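**Student:** Have a look at this one.
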Amino acid sequence: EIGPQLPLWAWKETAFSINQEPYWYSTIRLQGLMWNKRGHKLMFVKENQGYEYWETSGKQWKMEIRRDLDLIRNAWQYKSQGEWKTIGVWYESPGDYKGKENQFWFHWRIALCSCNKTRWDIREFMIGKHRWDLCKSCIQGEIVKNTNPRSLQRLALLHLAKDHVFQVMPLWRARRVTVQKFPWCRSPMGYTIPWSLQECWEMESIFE
Amino acid sequence: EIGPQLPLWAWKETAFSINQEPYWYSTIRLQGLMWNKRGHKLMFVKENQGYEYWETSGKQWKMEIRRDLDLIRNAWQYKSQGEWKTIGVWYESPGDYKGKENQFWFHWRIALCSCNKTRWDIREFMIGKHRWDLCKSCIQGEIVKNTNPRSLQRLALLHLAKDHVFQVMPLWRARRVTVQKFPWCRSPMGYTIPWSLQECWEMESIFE
Amino acid sequence: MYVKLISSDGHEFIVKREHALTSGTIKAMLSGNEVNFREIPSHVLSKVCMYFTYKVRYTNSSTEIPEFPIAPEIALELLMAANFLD
Amino acid sequence: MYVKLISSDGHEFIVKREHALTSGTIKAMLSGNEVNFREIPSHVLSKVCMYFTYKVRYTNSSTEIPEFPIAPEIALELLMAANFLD
Amino acid sequence: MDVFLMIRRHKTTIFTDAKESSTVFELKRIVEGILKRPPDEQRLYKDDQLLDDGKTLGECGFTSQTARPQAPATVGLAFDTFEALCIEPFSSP
Amino acid sequence: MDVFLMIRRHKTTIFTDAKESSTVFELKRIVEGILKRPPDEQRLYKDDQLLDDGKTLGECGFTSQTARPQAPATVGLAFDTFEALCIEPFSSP
Amino acid sequence: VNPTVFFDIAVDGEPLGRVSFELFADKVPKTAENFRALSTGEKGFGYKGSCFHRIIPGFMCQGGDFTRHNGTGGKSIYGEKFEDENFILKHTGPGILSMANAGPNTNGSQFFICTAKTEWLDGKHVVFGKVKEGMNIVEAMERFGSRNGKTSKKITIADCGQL
Amino acid sequence: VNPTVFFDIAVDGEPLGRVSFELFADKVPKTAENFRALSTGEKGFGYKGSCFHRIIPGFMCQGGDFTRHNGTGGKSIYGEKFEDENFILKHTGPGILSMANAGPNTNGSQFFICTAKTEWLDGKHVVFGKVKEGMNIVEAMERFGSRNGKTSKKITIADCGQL
Ligand SMILES: [Zn+2]
Ligand SMILES: [Zn+2]
């Protein structure tokens, strides 16, 4: 042979009735294998009239609080700009869901990825640099944080940051936190089939 | 020493701010370790005007179908008695949720556990036998399947089957199926803090 | 209107017929007054008689449904008559 | 009412003042008629002028919001004037 | 708010349901069709104190909570730890 | 349903918005405040055919879809591949 | 070729089930022969009548003390104790059988069955058996364990023999 | 005590980042010394100017062919090829460095870095290094890989040396 490129082709069994064994089960196996020890995790600090979490990032923080109220639910207020906003407990229609809490999930997905999200250095992209270190979902978050919501800087930068590849984050990820209940994420657009250009152009960054 | 009872006491690090290291992180680690290669899995067979699944149990079957309709959702009809019932796409209130689809999840949890669920042998429990092989959630399902909904046989048997221990099934379980969307389970009572005696006494079995 | 039940030791009961039709065996015997049982204990029969009214009264209403009090000791022989009756 | 813009090569434009206040630099210059730019390309200035009306007209309505057509070649130097203007 | 009552004599019991506002005249009528006796030989007893015909069950002490179907009360009849004991003949052809 | 139009002469362009039902009299009034000339030396041109004052933009060929703000059309004035070229003096003090 | 053994489990009187173990003899003859001899009991002493003295749920189940019944015993046909063997075999998930030793070269008669994908059980113990039939019985036994290893009920072996 | 090395990555011209590797010399002197000598290049030939010829996303990244640049090369200071070494070390998750060989006792100069908890890479290859700083750079390099191993762009090493 030429190298170690055996993996689990022989050890793959499946074949019950799923068929199409290559590129379907192997893709899921690789996606699960890659997302085991990659990323950060939620942690609990401070306790005054509420449970507070702030995660372990060091560069892109995110503060969440949960009160002792809602005796049968999940409030899970999170800090944006300078005020706390409720994630939501129950929405009558799906339209009220997609458009009221996408800001939380958009920042939550980026804050879990492990990347060098410091020294934005706006002098980049000025002399022909692309900053290949960041992912597709990380540079978008950096642009959202560092740009006015609707000026001609979220649009040119997004166009210049289209060649970056996107990593599929499984739904079972963004979980396994110390919290035993957690909010339910009824939205797959943030993790697979990522956000379109028309939705990142009209989003307000949590950071001030 | 006396045996191999080292495990990961030294390898456990945590201690960021979680504290209470014993009995909290070790419990989660053991729960995850036990539920890796235990149970059955969903499989896809047949395809006429709809996708059909029937799982791999051999004793307690469960048929599910999904049509090509709902172009942006999840119908996921399942067979009960002799008719198909829709799992649900969106519920206005939590009250409409808990009481309209608990029958699906109750049978889904039991059908995944790997136990000898054959030869019910009603002559058991007649001369002083308890059938310790089955779990707490498996004997309840057997009683529901093999008893009239409200006669004096779901009540005495449930009282006689109270000493069985219950195994905690994690929320991330009952997943990882070939289906890339799946219905969302907005109910934790079926997997943790198991069903009370007053709810298993008024439940209709899927099997006929 | 009223049906008659006889226990093993002679404990004799009168039951309203509307509650009597609940039991399958009682329905079969009445369809084919006075009903006799041979091995049914008196205490077990007394316990099982009340369940008929408990079920009939609460057949429609489902507000609270208080739990049925069954002692662990008596539950073993409660099924003895429950299986035969149904 | 109307403000005047001058490009690098002499391309001269007239813009309604309501759209003119959108740019921060234009607002600062008017607060402190005629505005001159030194290094702004003519094509880039023509492209950026239309975005003012596109934003003003669609500031409130959010029904469809058709995508803004930007060629990949021109986007590199579009930011050249976008950063200076804002 | 039905109240369930029992009349336990010698070895047998008679179980019935009534209303708290309902008087004991209908309770006597119930046993009229059982003992086949005129309403003179039967006197209802509550605990250890005499019960009269003219007073209803509302103020007699019977309550829905204390007369639940799970544990109906017993009053008995005449011609805790201990209670009355008497005889009863069967119906004649 | 505003229609956005351009008048591109020599090197400069004049951009404005109007209505499809709106006539060209107000369009001429717009350039009245720009060129400071009476409404006699200006004749609007569409493509290569003469445009008159008495016909509105509704039937002239202008449509909201074809006159979107992303790509407004150009008509020009007088005193694809190629178009008219002329002179324009600046405003005098 | 490979010898096999069967065990009958009883939980506080009434039996629970039957399990079958397959012993690898070609890869390691010594410990396989020792286990087979102890199970069939041709020298008087045998595995019959023992008791599983420790169960860690989701982790493992240890047993095989037929002398003291306290986990401090151990015996073999070769002698009181012997030394280790080859480490060619490795744990391959749940339901795998391996001898348990207090220290290196201290293998006696205390075996244990692992019902999890334990990768760190390498270089310290010899693995020699795998369950053939009766995995549900193994789960039923292990469900009665506890974190401290104490057993709520007595799980014993009623019968032993070789097929 | 333990020697360390640094690498500078460049993806199609402009550089991407810097990574640091720590080499275990006490546990295995031969392959560690060979890797250090090849990286610092005191015999003329070195790792400078090579190219990562195969990347499996979420799995691994192989490189180190400075002669043919096609994955069929290999050289060492001792000779064209040498034999294996001790297998005491084992893979301990992502970001671990190990030599890759086509067959047994065929270790040349083609190394690879694994960024996953691969447990089946045992008994076939020798593992000798672990990344100290620059894991994000390793992820950035590996993100450009593909299932077939083809690289959409050329990822090369710009500078090499020993701290
Ligand atoms: Zn990233
Ligand atoms: Zn089970």
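Here's how to read the names in the structure tokens: chain A, B, ... by the order shown, residue numbers from 1 in each chain, ligand numbers from 1 in the order shown.
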So that I can see what lies close to residue 144 in chain H, please list as JSON, numbers by chain the residues with an atom at most 10 Å from it, counting only C-alpha atoms and leaving out residues fewer than 2 positions away in the same chain.
**Tutor:** {"A": [132, 164, 165], "H": [11, 55, 56, 57, 139, 140, 141, 142, 146, 149, 150, 151, 152, 153, 154, 155]}
**Student:** Excluding same-chain residues fewer than 5 positions from range 22-32 of chain C, what lies within 8 Å of it counting only C-alpha atoms, as a PDB file with N, CA, C and O atoms, in the first residue's frame?
**Tutor:**
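Final file, result.pdb:
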```
ATOM      1  N   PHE C  52     -66.323  -1.773  41.495  1.00  0.00           N
ATOM      2  CA  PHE C  52     -67.381  -1.590  40.506  1.00  0.00           C
ATOM      3  C   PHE C  52     -67.975  -0.189  40.601  1.00  0.00           C
ATOM      4  O   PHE C  52     -68.092   0.518  39.594  1.00  0.00           O
ATOM      5  N   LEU C  85     -62.943 -13.452  37.780  1.00  0.00           N
ATOM      6  CA  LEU C  85     -64.092 -12.605  37.479  1.00  0.00           C
ATOM      7  C   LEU C  85     -64.024 -12.058  36.058  1.00  0.00           C
ATOM      8  O   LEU C  85     -65.043 -11.998  35.360  1.00  0.00           O
ATOM      9  N   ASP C  86     -62.838 -11.653  35.616  1.00  0.00           N
ATOM     10  CA  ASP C  86     -62.670 -11.104  34.275  1.00  0.00           C
ATOM     11  C   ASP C  86     -61.873 -12.056  33.390  1.00  0.00           C
ATOM     12  O   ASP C  86     -61.266 -11.639  32.403  1.00  0.00           O
TER      13      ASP C  86
END
```
**Student:** At a cut-off of 12 Å around ligand 2, and using only C-alpha atoms and all ligand atoms, what residues come up? Please write them as a VMD selection string.
**Tutor:** (chain B and resid 38 to 40 109 to 117 131 to 142 164 to 169) or (chain G and resid 135 to 140 143)
**Student:** Would you put the residues from that selection into a file with N, CA, C and O atoms, as a short mmCIF file (atom, residue, chain, number, x, y, z; two decimals), in the first residue's frame?
**Tutor:**
```cif
data_model
loop_
_atom_site.label_atom_id
_atom_site.label_comp_id
_atom_site.auth_asym_id
_atom_site.auth_seq_id
_atom_site.Cartn_x
_atom_site.Cartn_y
_atom_site.Cartn_z
N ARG B 38 -25.90 -0.68 23.48
CA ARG B 38 -27.03 -1.37 24.10
C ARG B 38 -28.31 -0.87 23.46
O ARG B 38 -28.58 0.34 23.46
N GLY B 39 -29.11 -1.78 22.93
CA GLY B 39 -30.38 -1.46 22.33
C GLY B 39 -30.41 -1.80 20.85
O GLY B 39 -29.48 -2.38 20.30
N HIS B 40 -31.51 -1.42 20.21
CA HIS B 40 -31.73 -1.63 18.79
C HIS B 40 -31.63 -0.30 18.05
O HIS B 40 -31.34 0.75 18.63
N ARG B 109 -39.79 4.28 23.84
CA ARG B 109 -38.76 4.05 24.84
C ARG B 109 -38.59 2.57 25.15
O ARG B 109 -37.46 2.08 25.27
N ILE B 110 -39.70 1.84 25.27
CA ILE B 110 -39.62 0.42 25.62
C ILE B 110 -39.08 -0.39 24.45
O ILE B 110 -38.30 -1.33 24.64
N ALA B 111 -39.47 -0.04 23.22
CA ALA B 111 -39.08 -0.82 22.05
C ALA B 111 -37.58 -0.75 21.78
O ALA B 111 -37.06 -1.59 21.03
N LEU B 112 -36.87 0.22 22.35
CA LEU B 112 -35.44 0.33 22.14
C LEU B 112 -34.63 -0.51 23.12
O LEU B 112 -33.51 -0.92 22.80
N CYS B 113 -35.18 -0.77 24.31
CA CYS B 113 -34.47 -1.58 25.29
C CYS B 113 -34.35 -3.02 24.81
O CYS B 113 -35.28 -3.57 24.21
N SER B 114 -33.19 -3.62 25.06
CA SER B 114 -32.89 -4.98 24.62
C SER B 114 -33.19 -5.94 25.77
O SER B 114 -32.38 -6.09 26.69
N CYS B 115 -34.34 -6.59 25.71
CA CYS B 115 -34.75 -7.54 26.73
C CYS B 115 -35.57 -8.65 26.09
O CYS B 115 -36.07 -8.51 24.97
N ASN B 116 -35.70 -9.76 26.82
CA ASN B 116 -36.50 -10.89 26.38
C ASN B 116 -37.97 -10.56 26.62
O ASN B 116 -38.52 -10.81 27.69
N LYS B 117 -38.61 -9.99 25.60
CA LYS B 117 -40.00 -9.56 25.69
C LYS B 117 -40.94 -10.53 24.99
O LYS B 117 -41.94 -10.13 24.39
N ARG B 131 -40.22 -12.19 37.80
CA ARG B 131 -39.64 -11.95 36.47
C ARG B 131 -38.63 -10.80 36.51
O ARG B 131 -38.81 -9.75 35.90
N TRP B 132 -37.55 -11.03 37.26
CA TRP B 132 -36.52 -10.02 37.47
C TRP B 132 -35.74 -9.68 36.20
O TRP B 132 -34.99 -8.70 36.20
N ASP B 133 -35.89 -10.47 35.14
CA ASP B 133 -35.13 -10.22 33.91
C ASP B 133 -35.50 -8.88 33.30
O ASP B 133 -34.62 -8.13 32.86
N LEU B 134 -36.79 -8.55 33.26
CA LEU B 134 -37.23 -7.32 32.63
C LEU B 134 -36.91 -6.11 33.50
O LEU B 134 -36.76 -6.20 34.72
N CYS B 135 -36.80 -4.95 32.84
CA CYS B 135 -36.59 -3.69 33.54
C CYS B 135 -37.92 -3.16 34.07
O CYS B 135 -38.99 -3.75 33.88
N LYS B 136 -37.86 -2.01 34.76
CA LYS B 136 -39.09 -1.38 35.23
C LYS B 136 -39.94 -0.89 34.07
O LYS B 136 -41.17 -1.03 34.09
N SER B 137 -39.31 -0.32 33.04
CA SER B 137 -40.05 0.21 31.90
C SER B 137 -40.46 -0.86 30.90
O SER B 137 -41.30 -0.58 30.04
N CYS B 138 -39.90 -2.06 30.99
CA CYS B 138 -40.25 -3.14 30.07
C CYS B 138 -41.46 -3.93 30.54
O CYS B 138 -42.35 -4.25 29.74
N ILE B 139 -41.51 -4.26 31.84
CA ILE B 139 -42.66 -4.97 32.37
C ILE B 139 -43.91 -4.10 32.31
O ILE B 139 -45.01 -4.61 32.08
N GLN B 140 -43.76 -2.79 32.50
CA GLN B 140 -44.90 -1.89 32.35
C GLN B 140 -45.46 -1.93 30.93
O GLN B 140 -46.67 -1.99 30.73
N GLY B 141 -44.57 -1.91 29.93
CA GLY B 141 -45.02 -2.01 28.56
C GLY B 141 -45.68 -3.34 28.25
O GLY B 141 -46.68 -3.41 27.53
N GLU B 142 -45.12 -4.43 28.79
CA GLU B 142 -45.73 -5.74 28.60
C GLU B 142 -47.13 -5.78 29.21
O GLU B 142 -48.07 -6.32 28.60
N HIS B 164 -38.89 -3.33 40.71
CA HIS B 164 -37.90 -3.33 39.64
C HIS B 164 -37.22 -1.97 39.54
O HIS B 164 -37.86 -0.92 39.65
N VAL B 165 -35.91 -1.99 39.33
CA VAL B 165 -35.13 -0.76 39.22
C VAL B 165 -35.33 -0.15 37.84
O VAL B 165 -35.64 -0.84 36.87
N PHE B 166 -35.14 1.16 37.76
CA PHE B 166 -35.30 1.91 36.52
C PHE B 166 -33.94 2.42 36.06
O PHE B 166 -33.17 2.96 36.86
N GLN B 167 -33.65 2.24 34.78
CA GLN B 167 -32.41 2.71 34.18
C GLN B 167 -32.65 4.03 33.47
O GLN B 167 -33.58 4.15 32.67
N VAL B 168 -31.82 5.02 33.78
CA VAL B 168 -31.98 6.35 33.20
C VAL B 168 -31.48 6.34 31.77
O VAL B 168 -30.33 6.00 31.50
N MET B 169 -32.36 6.71 30.84
CA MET B 169 -32.02 6.75 29.42
C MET B 169 -31.75 8.19 29.02
O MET B 169 -32.65 9.04 29.14
N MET G 135 -26.67 -12.24 26.91
CA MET G 135 -26.27 -10.88 27.24
C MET G 135 -27.33 -10.17 28.07
O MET G 135 -27.02 -9.39 28.96
N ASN G 136 -28.61 -10.44 27.77
CA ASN G 136 -29.69 -9.85 28.56
C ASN G 136 -29.61 -10.30 30.01
O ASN G 136 -29.93 -9.54 30.92
N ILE G 137 -29.19 -11.55 30.24
CA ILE G 137 -29.00 -12.03 31.61
C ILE G 137 -27.88 -11.26 32.30
O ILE G 137 -27.97 -10.93 33.49
N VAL G 138 -26.81 -10.96 31.56
CA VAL G 138 -25.71 -10.19 32.12
C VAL G 138 -26.19 -8.79 32.50
O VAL G 138 -25.85 -8.27 33.57
N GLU G 139 -26.99 -8.17 31.62
CA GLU G 139 -27.55 -6.86 31.94
C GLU G 139 -28.46 -6.93 33.16
O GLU G 139 -28.45 -6.02 34.01
N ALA G 140 -29.28 -7.98 33.25
CA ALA G 140 -30.17 -8.13 34.40
C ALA G 140 -29.39 -8.27 35.70
O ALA G 140 -29.75 -7.67 36.72
N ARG G 143 -27.82 -4.81 36.56
CA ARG G 143 -28.77 -3.77 36.94
C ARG G 143 -28.98 -3.68 38.44
O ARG G 143 -29.50 -2.67 38.92
#
```
**Student:** If you count only C-alpha atoms, which residues fall within 10 Å of residue 53 in chain F, apart from same-chain ones fewer than 4 positions away, as a ChimeraX atom specification?
**Tutor:** /F:23-25,27-28,43-44
**Student:** So that I can check the surroundings of residue 132 in chain H, please list as number ranges by chain every protein, DNA and RNA residue that reaches within 8 Å of it, counting only C-alpha atoms and ignoring chain neighbours fewer than 2 positions away.
**Tutor:** H: 19-22, 130, 134-135
**Student:** When you count only C-alpha atoms, which of these residues is closest to chain G: B:185, B:160, B:89, B:2?
**Tutor:**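 Of the candidates, the smallest distance to chain G is held by B:2.
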**Student:** List the neighbours of residue 175 in chain B out to 10 Å using only C-alpha atoms; skip same-chain residues closer than 6 positions along the sequence, and give me the result as a list in words.
**Tutor:**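 So the residues in contact are residues 172 of chain A; 41, 42, 182 and 183 of chain B.
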**Student:** For chain D, which residues have at least one atom within 7 Å of chain F, if we go by only C-alpha atoms? Write them as a VMD selection string, please.
**Tutor:** chain D and resid 11 to 14 54
**Student:** Using the selection just defined, write its residues with N, CA, C and O atoms as a PDB file, in the first residue's frame.
**Tutor:**
```pdb
ATOM      1  N   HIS D  11     -15.950  62.794 -12.356  1.00  0.00           N
ATOM      2  CA  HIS D  11     -17.350  62.399 -12.411  1.00  0.00           C
ATOM      3  C   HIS D  11     -18.122  63.083 -11.291  1.00  0.00           C
ATOM      4  O   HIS D  11     -17.891  62.827 -10.107  1.00  0.00           O
ATOM      5  N   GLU D  12     -19.048  63.955 -11.673  1.00  0.00           N
ATOM      6  CA  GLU D  12     -19.729  64.838 -10.739  1.00  0.00           C
ATOM      7  C   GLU D  12     -21.194  64.434 -10.641  1.00  0.00           C
ATOM      8  O   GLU D  12     -21.860  64.236 -11.663  1.00  0.00           O
ATOM      9  N   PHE D  13     -21.685  64.307  -9.410  1.00  0.00           N
ATOM     10  CA  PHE D  13     -23.013  63.785  -9.130  1.00  0.00           C
ATOM     11  C   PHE D  13     -23.785  64.765  -8.258  1.00  0.00           C
ATOM     12  O   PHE D  13     -23.199  65.530  -7.487  1.00  0.00           O
ATOM     13  N   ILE D  14     -25.110  64.724  -8.379  1.00  0.00           N
ATOM     14  CA  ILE D  14     -26.010  65.479  -7.514  1.00  0.00           C
ATOM     15  C   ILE D  14     -26.899  64.485  -6.777  1.00  0.00           C
ATOM     16  O   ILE D  14     -27.465  63.575  -7.394  1.00  0.00           O
ATOM     17  N   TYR D  54     -31.364  52.725  -2.510  1.00  0.00           N
ATOM     18  CA  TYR D  54     -31.809  51.367  -2.205  1.00  0.00           C
ATOM     19  C   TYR D  54     -32.105  51.207  -0.718  1.00  0.00           C
ATOM     20  O   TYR D  54     -33.082  50.551  -0.339  1.00  0.00           O
TER      21      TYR D  54
END
```
**Student:** Would you mind listing what lies within 9 Å of residue 116 in chain H as number ranges by chain, with only C-alpha atoms counted and same-chain residues fewer than 5 positions away left out?
**Tutor:** A: 33-37; H: 58-60, 92-96
**Student:** Near residue 128 in chain G, within 8 Å and counting only C-alpha atoms, which residues show up once chain neighbours fewer than 6 positions away are dropped, as a list in words?
**Tutor:**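 Surrounding residues, per the criterion: residues 23, 24, 28, 31, 32, 89, 97, 98 and 99 of chain G.
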**Student:** Could you turn the residues from that selection into a file that holds N, CA, C and O atoms, as an mmCIF file, in the first residue's frame?
**Tutor:**
```cif
data_model
loop_
_atom_site.group_PDB
_atom_site.id
_atom_site.type_symbol
_atom_site.label_atom_id
_atom_site.label_comp_id
_atom_site.auth_asym_id
_atom_site.auth_seq_id
_atom_site.Cartn_x
_atom_site.Cartn_y
_atom_site.Cartn_z
ATOM 1 N N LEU G 23 -14.351 -19.953 25.514
ATOM 2 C CA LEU G 23 -12.995 -19.782 26.015
ATOM 3 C C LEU G 23 -11.992 -19.935 24.879
ATOM 4 O O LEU G 23 -12.045 -20.912 24.124
ATOM 5 N N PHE G 24 -11.083 -18.971 24.765
ATOM 6 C CA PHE G 24 -10.018 -19.020 23.768
ATOM 7 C C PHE G 24 -8.872 -19.860 24.318
ATOM 8 O O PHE G 24 -8.210 -19.463 25.283
ATOM 9 N N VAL G 28 -4.304 -18.702 24.249
ATOM 10 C CA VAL G 28 -3.740 -18.852 25.588
ATOM 11 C C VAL G 28 -4.275 -20.132 26.224
ATOM 12 O O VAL G 28 -5.468 -20.228 26.549
ATOM 13 N N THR G 31 -4.554 -20.048 31.107
ATOM 14 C CA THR G 31 -5.682 -19.483 31.839
ATOM 15 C C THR G 31 -7.010 -20.074 31.376
ATOM 16 O O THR G 31 -7.926 -20.235 32.190
ATOM 17 N N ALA G 32 -7.130 -20.419 30.092
ATOM 18 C CA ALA G 32 -8.355 -21.047 29.609
ATOM 19 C C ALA G 32 -8.560 -22.411 30.256
ATOM 20 O O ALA G 32 -9.666 -22.739 30.705
ATOM 21 N N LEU G 89 -4.576 -10.328 23.060
ATOM 22 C CA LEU G 89 -5.990 -9.988 23.029
ATOM 23 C C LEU G 89 -6.236 -8.642 23.699
ATOM 24 O O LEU G 89 -5.541 -8.256 24.644
ATOM 25 N N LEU G 97 -14.753 -11.254 28.965
ATOM 26 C CA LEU G 97 -14.365 -11.928 30.198
ATOM 27 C C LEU G 97 -12.858 -11.850 30.396
ATOM 28 O O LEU G 97 -12.088 -12.177 29.483
ATOM 29 N N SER G 98 -12.438 -11.439 31.593
ATOM 30 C CA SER G 98 -11.018 -11.286 31.873
ATOM 31 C C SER G 98 -10.753 -11.530 33.351
ATOM 32 O O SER G 98 -11.567 -11.182 34.209
ATOM 33 N N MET G 99 -9.600 -12.128 33.638
ATOM 34 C CA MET G 99 -9.205 -12.362 35.020
ATOM 35 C C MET G 99 -8.799 -11.055 35.687
ATOM 36 O O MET G 99 -8.190 -10.182 35.062
#
```
**Student:** Using the chain letters and numbers from this document, which residues of chain E does DSSP assign to strand (DSSP E or B), as an mmCIF file with N, CA, C and O atoms, in the first residue's frame?
**Tutor:**
```cif
data_model
loop_
_atom_site.group_PDB
_atom_site.id
_atom_site.type_symbol
_atom_site.label_atom_id
_atom_site.label_comp_id
_atom_site.auth_asym_id
_atom_site.auth_seq_id
_atom_site.Cartn_x
_atom_site.Cartn_y
_atom_site.Cartn_z
ATOM 1 N N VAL E 3 -72.339 10.684 48.653
ATOM 2 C CA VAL E 3 -71.763 10.117 49.866
ATOM 3 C C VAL E 3 -72.095 8.633 49.898
ATOM 4 O O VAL E 3 -73.262 8.246 49.757
ATOM 5 N N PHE E 4 -71.072 7.802 50.070
ATOM 6 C CA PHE E 4 -71.226 6.355 50.056
ATOM 7 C C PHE E 4 -71.262 5.832 51.485
ATOM 8 O O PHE E 4 -70.393 6.166 52.297
ATOM 9 N N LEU E 5 -72.268 5.014 51.786
ATOM 10 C CA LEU E 5 -72.493 4.522 53.135
ATOM 11 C C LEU E 5 -72.634 3.007 53.115
ATOM 12 O O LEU E 5 -72.981 2.398 52.096
ATOM 13 N N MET E 6 -72.347 2.407 54.267
ATOM 14 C CA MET E 6 -72.424 0.969 54.465
ATOM 15 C C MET E 6 -73.265 0.658 55.694
ATOM 16 O O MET E 6 -73.301 1.436 56.652
ATOM 17 N N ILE E 7 -73.954 -0.476 55.648
ATOM 18 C CA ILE E 7 -74.663 -1.041 56.786
ATOM 19 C C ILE E 7 -74.164 -2.470 56.927
ATOM 20 O O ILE E 7 -74.531 -3.342 56.129
ATOM 21 N N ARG E 8 -73.305 -2.708 57.913
ATOM 22 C CA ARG E 8 -72.656 -4.000 58.096
ATOM 23 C C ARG E 8 -73.303 -4.681 59.293
ATOM 24 O O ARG E 8 -73.234 -4.168 60.416
ATOM 25 N N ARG E 9 -73.935 -5.828 59.051
ATOM 26 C CA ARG E 9 -74.658 -6.566 60.085
ATOM 27 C C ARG E 9 -74.152 -8.004 60.067
ATOM 28 O O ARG E 9 -73.975 -8.583 58.991
ATOM 29 N N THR E 12 -72.643 -9.898 56.784
ATOM 30 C CA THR E 12 -72.847 -9.287 55.478
ATOM 31 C C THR E 12 -72.825 -7.766 55.577
ATOM 32 O O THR E 12 -72.931 -7.199 56.671
ATOM 33 N N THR E 13 -72.665 -7.111 54.427
ATOM 34 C CA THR E 13 -72.656 -5.658 54.326
ATOM 35 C C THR E 13 -73.578 -5.235 53.194
ATOM 36 O O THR E 13 -73.707 -5.951 52.194
ATOM 37 N N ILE E 14 -74.214 -4.078 53.351
ATOM 38 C CA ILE E 14 -75.032 -3.466 52.311
ATOM 39 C C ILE E 14 -74.463 -2.084 52.026
ATOM 40 O O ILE E 14 -74.399 -1.240 52.925
ATOM 41 N N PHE E 15 -74.060 -1.851 50.780
ATOM 42 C CA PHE E 15 -73.401 -0.612 50.388
ATOM 43 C C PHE E 15 -74.307 0.177 49.455
ATOM 44 O O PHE E 15 -74.942 -0.400 48.565
ATOM 45 N N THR E 16 -74.365 1.492 49.660
ATOM 46 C CA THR E 16 -75.239 2.346 48.866
ATOM 47 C C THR E 16 -74.648 3.746 48.798
ATOM 48 O O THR E 16 -73.644 4.052 49.445
ATOM 49 N N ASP E 17 -75.279 4.597 47.990
ATOM 50 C CA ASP E 17 -74.870 5.984 47.833
ATOM 51 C C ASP E 17 -76.085 6.892 47.951
ATOM 52 O O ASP E 17 -77.195 6.526 47.558
ATOM 53 N N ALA E 18 -75.862 8.085 48.497
ATOM 54 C CA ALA E 18 -76.932 9.054 48.702
ATOM 55 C C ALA E 18 -76.337 10.456 48.640
ATOM 56 O O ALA E 18 -75.206 10.653 48.185
ATOM 57 N N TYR E 45 -78.694 3.700 63.610
ATOM 58 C CA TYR E 45 -77.755 4.068 64.661
ATOM 59 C C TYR E 45 -76.523 4.707 64.041
ATOM 60 O O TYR E 45 -75.996 4.208 63.041
ATOM 61 N N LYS E 46 -76.074 5.811 64.626
ATOM 62 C CA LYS E 46 -74.816 6.450 64.261
ATOM 63 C C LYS E 46 -73.901 6.424 65.477
ATOM 64 O O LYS E 46 -74.250 6.971 66.529
ATOM 65 N N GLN E 49 -74.991 6.887 69.429
ATOM 66 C CA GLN E 49 -76.044 7.841 69.744
ATOM 67 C C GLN E 49 -77.228 7.629 68.811
ATOM 68 O O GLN E 49 -77.055 7.255 67.647
ATOM 69 N N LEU E 50 -78.431 7.860 69.333
ATOM 70 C CA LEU E 50 -79.651 7.574 68.590
ATOM 71 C C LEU E 50 -79.840 8.554 67.438
ATOM 72 O O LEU E 50 -79.675 9.766 67.596
ATOM 73 N N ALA E 73 -68.224 4.972 55.268
ATOM 74 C CA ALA E 73 -68.541 4.777 56.672
ATOM 75 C C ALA E 73 -69.628 3.718 56.838
ATOM 76 O O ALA E 73 -70.288 3.308 55.880
ATOM 77 N N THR E 74 -69.807 3.277 58.081
ATOM 78 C CA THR E 74 -70.794 2.262 58.420
ATOM 79 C C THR E 74 -71.646 2.750 59.582
ATOM 80 O O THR E 74 -71.124 3.307 60.553
#
```
**Student:** Restricting the calculation to only C-alpha atoms: of G:43, G:18, G:117, G:75, which residue gets closest to chain B?
**Tutor:**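 Closest to chain B of all the choices is G:117.
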**Student:** Report as a list in words the set of chain G residues whose atoms approach chain H to within 12 Å, with distances computed over only C-alpha atoms.
**Tutor:**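 Residues satisfying the distance criterion: residues 88, 90, 91, 92, 117, 118, 119, 120, 122 and 123 of chain G.
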**Student:** Please, what distance in Å, to one decimal, runs between CA of residue 201 in chain B and CA of residue 85 in chain B?
**Tutor:**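 Computed distance, CA of residue 201 in chain B to CA of residue 85 in chain B, equals 21.4 Å.
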